[PDB]
Structures are given as structure tokens and as C-alpha cells.
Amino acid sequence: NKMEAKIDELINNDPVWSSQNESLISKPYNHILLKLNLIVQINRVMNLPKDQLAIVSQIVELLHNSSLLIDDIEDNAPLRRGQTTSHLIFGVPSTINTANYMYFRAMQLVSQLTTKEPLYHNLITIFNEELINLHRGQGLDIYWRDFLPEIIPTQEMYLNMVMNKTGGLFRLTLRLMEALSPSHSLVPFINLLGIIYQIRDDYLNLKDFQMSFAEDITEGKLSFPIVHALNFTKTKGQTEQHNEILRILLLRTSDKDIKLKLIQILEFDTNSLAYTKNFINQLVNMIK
């Protein structure tokens, strides 16, 4: 019965959770937090009050960091923002569970934005829609890469993947703000802006290496230049090169000279770097 009492008390109450518990399981998240402007700027138009703007800000921050914690496990990444990734320190189990926990903490914050039911429902749909989009994008990035060469994407498939994957959070942010604003949409603009951002991330991962980690190569990522290279070689009948690009991706190698060979193939043999640099310029042009 002394036991009966405690059980009775246990089951008749909300689950017990302390501030110490909160701290112990937030470790992976506090670590990446150790490593926006766009929102402040975009507000000039949206015109959201400050405390509301700060909530949008906390929300995208939780979602952005959480998704990187997961992405780094997915991409076997050793470094993020110059430091060791959380999963290498705290382990994959803790990191995944904490990142997932923060997605739900983020969701909780949405209700602090409003109570107006029409509005709230729309804010939730936005949150739910773009998170679904991010996972669809991520899922293809990962599938193409881990099942290569089962599927060789075309430039169009890559752009659609990116629209899902990178576009998700850019669209989530803008859409939360548009819907909260007293008042055409900026979604197509944010879309092009995310496509650019992603292709540039892809490009810079290789070019900063060619001039002075090229980790995407160790990941085996179907980046924008790799996708161009793989379709170019197939289209020009460069069988040997097409296969060698496939083989180096599949090695998941950290060897610097092997990574450099691939980058120089993209440089001189397929011209993918130039093509990618140009492509970025043209998209940036569509705004100029």
C-alpha cells in the first residue's frame, strides 16, 4: 500500500519533468547553439510587432538548428560551423531524440503567436506543410545518394528536390510572417532565393577546396555540379569519366587527392564548375 499510494499519486498526475532533466537532454542542442537578419529585413514590409517577431525568430531558430543536427547524422558529417558535430560527442541516439524534441518545442511556440482560431489554424498548416516539404526534399537527397547509381537525377529533379528541401524553411519563415502581417506573395521570390543559396552551398563546398574539406565528396552527395557532370558525361558518351565520378562518390573517401581529382574533372573535363558558377549568376540576374 505504501507503494499503492505512490503509484496512485503517479498515475493521477501529469508526468513529472524537472529543469535538471530538461538540461540533461538538451545537450546536443546547446552544443550547436554554440556555433535572422533576413527576418528583420523582410519585416520592413510585413510589419510585425516586436514580441511577435521574436517568437517567429525563436521558432525558425529551433527548426533550423534541429534540422542541422539531424542532417549531420544523415550526412556522416564530422564538422559543422567549424566544430565537431553533436552526434560525434553525444552520440547519434541522444542527438536524434533531442533534435526531434525541439521540432515539437518549436510547434508549441506557434500558439504563442495567436489565439484567433482562423489565423492559428493557418499558422499551423504553414508549419506542418513546410516541414513535410523539408522532409520530402531531404528524403530524395539521401535516397539518390545512398542508392547510387540506382537513380541518376537530372537537373530538373535536383531543382525540385531543392524546392522541397531548402525551400521548406525559407517558405516557412516568409509564410508565417505574411500570414501574421496586416498586409502579391514573396513565395516565388523566396523560392528562387533558396535555390540560389543551396546551389551556392554546393558550389562553395568544392571551390574553396580547389583554391585552398570538399566534404560533400566524402558524403557522396548529388550536388548541383555533380548532377551536371553526371548528365554531361552520359550525354557526351564519356563512359569512363561517368563511371569514375560514380566510383569516387561511392568510395566515401577522405583522401584529399582523390577529392581533388574529382574537382579537377569537374573543372576541365565537364566544365561543371563554370556551368554552375554561371547558373548561379543567371538566377541572381532574375532578381537584378
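Note that residue numbering begins at 1 and tracks the sequence as displayed.
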Original post:
In at least one third of the other PDB entries compared, is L186 left unmodelled?
Top reply: no
Original post:
Relative to the other PDB entries of this protein in the set, is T154 coordinate-less in at least a third?
Top reply: no
Original post:
Per the entry, how many residues of the deposited chain go unmodelled between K35 and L36: none, 1 to 3, 4 to 9, or 10 or more?
Top reply: 4 to 9
Subject >> Missing from the model but present in the deposited sequence, between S212 and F213 >> reply: 4 to 9
**OP:** Averaging the C-alpha B factors as listed in the entry, name the stretch that ends up higher: 41-49 or 26-34.
**Re:** 41-49
Original post:
When the C-alpha temperature factors are averaged for each of 13-21 and 273-281, which stretch ends up with the higher value in the entry?
Top reply: 273-281
Subject >> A77, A106, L148, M177, ranked by C-alpha B-factor: the highest one >> reply: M177
**OP:** Check the PDB entry and point out which of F127, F189, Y158, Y101 has the largest C-alpha temperature factor.
**Re:** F189
**OP:** Check where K165 lands among this chain's C-alpha B-factors and tell me if it's the lowest, middle or highest third.
**Re:** middle
Subject >> Within-chain third of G139 by Cα B-factor, per the entry >> reply: lowest
**OP:** Select lowest, middle or highest to describe the third in which the CA B-factor of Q83 falls within its chain in this entry.
**Re:** middle
**OP:** Using the B-factors in the PDB entry, rank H64's C-alpha atom against the chain and give the third, lowest, middle or highest.
**Re:** lowest
Original post:
According to the PDB entry, is the CA B factor of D216 in the bottom, middle or top third of its chain, that is, lowest, middle or highest?
Top reply: lowest
